[PDB]
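> Starting off with a structure, shown below.
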Amino acid sequence: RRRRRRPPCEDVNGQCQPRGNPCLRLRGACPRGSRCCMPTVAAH
(Lines give C-alpha, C1' and ligand atoms only; values in the text may rest on other atoms or scores of the structure.)
Protein backbone atom coordinates (compact mmCIF):
# COMPACT_ATOMS: atom_id res chain seq x y z
CA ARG A 1 0.00 0.00 0.00
CA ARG A 2 2.96 2.29 0.69
CA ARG A 3 3.56 4.23 -2.53
CA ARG A 4 1.04 7.06 -2.82
CA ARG A 5 0.34 7.72 0.87
CA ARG A 6 3.83 8.53 2.14
CA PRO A 7 6.60 6.02 1.33
CA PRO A 8 10.21 6.21 2.58
CA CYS A 9 11.82 6.92 -0.80
CA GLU A 10 9.47 9.92 -0.96
CA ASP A 11 10.06 11.36 2.52
CA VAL A 12 13.84 11.23 2.06
CA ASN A 13 13.43 11.71 -1.69
CA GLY A 14 15.81 9.07 -3.01
CA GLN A 15 16.65 7.60 -6.40
CA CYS A 16 15.58 4.34 -8.04
CA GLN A 17 18.31 2.01 -9.31
CA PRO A 18 19.62 -1.58 -9.10
CA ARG A 19 22.37 -2.88 -6.81
CA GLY A 20 24.89 -2.37 -9.60
CA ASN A 21 25.89 1.07 -8.33
CA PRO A 22 27.73 2.87 -5.50
CA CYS A 23 24.44 4.44 -4.43
CA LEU A 24 23.42 3.47 -0.89
CA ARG A 25 20.44 1.25 -0.09
CA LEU A 26 17.16 2.28 1.55
CA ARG A 27 14.16 0.08 0.77
CA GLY A 28 12.13 -1.53 -2.00
CA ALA A 29 9.66 1.35 -2.11
CA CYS A 30 10.88 1.90 -5.67
CA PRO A 31 9.25 0.32 -8.75
CA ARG A 32 10.26 -3.09 -10.10
CA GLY A 33 13.61 -3.18 -11.89
CA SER A 34 15.11 -0.66 -9.47
CA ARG A 35 15.48 0.00 -5.74
CA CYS A 36 15.41 3.07 -3.50
CA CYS A 37 19.05 4.16 -3.31
CA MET A 38 20.61 6.97 -1.27
CA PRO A 39 22.50 9.70 -3.18
CA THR A 40 25.78 11.24 -2.04
CA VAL A 41 24.26 14.27 -0.32
CA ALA A 42 25.24 15.83 3.01
CA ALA A 43 28.15 13.38 3.15
CA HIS A 44 26.37 10.02 3.11
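Residue numbering restarts at 1 in every chain; chains get A, B, ... in the order shown in the C-alpha coordinates, and ligands count up from 1 in that same order.
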Apply DSSP to the backbone of this structure and, from chain A, keep only the residues in helix (DSSP H, G or I); write these as a PyMOL selection string.

chain A and resi 8-11

> Could you save those same residues with N, CA and C atoms as a CSV table (one decimal), in the first residue's frame?


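File produced: result-v5.csv:
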```
chain,number,residue,atom,x,y,z
A,8,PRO,N,8.9,5.8,2.1
A,8,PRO,CA,10.2,6.2,2.6
A,8,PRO,C,11.0,6.9,1.5
A,9,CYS,N,11.1,6.3,0.3
A,9,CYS,CA,11.8,6.9,-0.8
A,9,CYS,C,11.3,8.3,-1.1
A,10,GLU,N,10.1,8.6,-0.7
A,10,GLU,CA,9.5,9.9,-1.0
A,10,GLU,C,9.9,10.9,0.1
A,11,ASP,N,9.7,10.5,1.4
A,11,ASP,CA,10.1,11.4,2.5
A,11,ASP,C,11.5,11.8,2.4
```

> If you count only C-alpha atoms, which residues fall within 12 Å of residue 21 of chain A, apart from same-chain ones fewer than 6 positions away, as a CSV table (one decimal) with N, CA and C atoms, in the first residue's frame?


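result-v1.csv, written as the output of this step:
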```csv
chain,number,residue,atom,x,y,z
A,15,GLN,N,16.7,8.0,-5.0
A,15,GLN,CA,16.7,7.6,-6.4
A,15,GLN,C,16.3,6.1,-6.5
A,34,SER,N,14.2,-1.6,-10.2
A,34,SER,CA,15.1,-0.7,-9.5
A,34,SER,C,14.8,-0.6,-8.0
A,35,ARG,N,15.7,-0.1,-7.2
A,35,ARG,CA,15.5,0.0,-5.7
A,35,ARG,C,15.8,1.4,-5.2
A,36,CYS,N,15.2,1.8,-4.1
A,36,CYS,CA,15.4,3.1,-3.5
A,36,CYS,C,16.8,3.2,-3.0
A,37,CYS,N,17.7,4.0,-3.7
A,37,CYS,CA,19.1,4.2,-3.3
A,37,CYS,C,19.2,5.5,-2.7
A,38,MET,N,20.3,5.7,-1.9
A,38,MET,CA,20.6,7.0,-1.3
A,38,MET,C,21.8,7.7,-2.0
A,39,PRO,N,21.5,8.9,-2.5
A,39,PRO,CA,22.5,9.7,-3.2
A,39,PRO,C,23.6,10.2,-2.2
A,40,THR,N,24.7,10.7,-2.8
A,40,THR,CA,25.8,11.2,-2.0
A,40,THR,C,25.5,12.7,-1.7
```

> Would you return as a list in words the members of chain A that DSSP assigns to strand (DSSP E or B) on this structure's backbone?

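Those residues are residues 15, 16, 17, 27, 35, 36 and 37 of chain A.
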
> Could you state the separation of atom CA of residue 5 of chain A and atom CA of residue 29 of chain A in Å, given to one decimal place?

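Calculated distance between atom CA of residue 5 of chain A and atom CA of residue 29 of chain A is 11.7 Å.
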
> Considering only C-alpha atoms, can you say which of A:24, A:31, A:13, A:4 comes closest to residue 43 of chain A?

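With only C-alpha atoms as the atom set, the closest residue is A:24.
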
> Between atom CA of residue 1 of chain A and atom CA of residue 41 of chain A, measure the distance and give it in Å to one decimal.

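So the answer is 28.1 Å.
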